[PDB]
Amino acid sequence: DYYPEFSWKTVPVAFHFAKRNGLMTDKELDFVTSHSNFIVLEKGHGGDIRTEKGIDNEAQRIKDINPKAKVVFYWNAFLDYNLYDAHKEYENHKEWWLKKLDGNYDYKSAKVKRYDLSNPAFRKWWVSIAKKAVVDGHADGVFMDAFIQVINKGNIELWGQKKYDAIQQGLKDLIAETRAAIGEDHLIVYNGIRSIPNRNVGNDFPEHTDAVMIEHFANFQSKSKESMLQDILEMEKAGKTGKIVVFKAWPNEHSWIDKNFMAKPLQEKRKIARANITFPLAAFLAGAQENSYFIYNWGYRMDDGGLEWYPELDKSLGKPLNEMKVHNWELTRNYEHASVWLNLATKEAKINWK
């Protein structure tokens, strides 16, 4: 089967995390495989064996428990992280490194270079890494991250228009070349839906991709009611084209960068998360389509609330009965066993479980 087995029986959920200190325990695998068929493993998963072996070994372990699970290999399309065996290879190929207008190498940060996507020799190497993980490995697909950072028009000042345009085209080529490499049986997830006032990014790379991520629902620069509505409409729109949608939600704008939140004891972080799931969950359910997935936590480490559970995610949901309705800032949706209502302007919400 191509897509992960989807069901409306309960709220469809996915996982997106990395266990940075090692591979998952039998118990952690039981929890994850018992709750979802769709797992994206992040950079750094598996500990000091580095990401390729970490994700490959975890893919085996996941599908040993649940042969229907789809395990996706994270591979940033723009940033060179020292978390992969591949990093050592990239360091050995200065000839590819992205240079800025001023002749200096383009760094996002001191330890994270940015790729020159307009260099086909680099792209061939980049694809080979994803190809090895997916075709000659246990991953079922690749998660291509950082599209939003590639298209950022601030890059024009650093690269010039000509190089910027070539890099935007190089991104599309990277996707096409990735699809040609992994074939038609494997998945490509990409991170691109981002609703920011006057700078919205939608499902703008649909041709060769299967899943689109909504990373910042009701958080970061996407907190306005305009951006929240756009995010929900983009999930509905993308799901209607047949895409998988990953709806990444957050507990009342708290995250791993919110140190006031991260400083609280776990029992308190868990009381906050439990108390604030209704609004993002109702938003998800308002526009959710087939193959839409809900992720609710405060980070991308496994321990960032990734393995927390909530009673709302055990309740019977059933198939949608109508399309999402929009009455100004109020959104509603009906399911066989649930009626959804929320107000984007007041951030209040109500799920009536039947």
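In this text, residue numbers run from 1 along the sequence as written.
- Here 273 to 281 and 132 to 140 are compared by their mean Cα B-factor, and 273 to 281 comes out higher.
- Higher average CA B factor: 106 to 114, of the stretches 175 to 183 and 106 to 114.
- Between the residues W125, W75, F247, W256, it is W256 that shows the highest Cα B-factor in the PDB record.
- When the C-alpha B factors of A146, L158, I167, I214 are read from the deposited coordinates, the top value falls at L158.
- Per the PDB record, residue ranking by Cα B-factor puts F31 in the highest third of the chain.
- When the CA B factors of the chain's modelled residues are split into thirds, the value for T346 lands in the highest one.
- Placement of the Cα temperature factor of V40 within the chain: lowest third of the modelled residues, per the deposited record.
- Ranked within its chain, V150 lands in the middle third, by CA B factor from the PDB record.
- In this PDB entry, the Cα temperature factor of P67 sits in the top third of its chain's modelled residues, the highest group.
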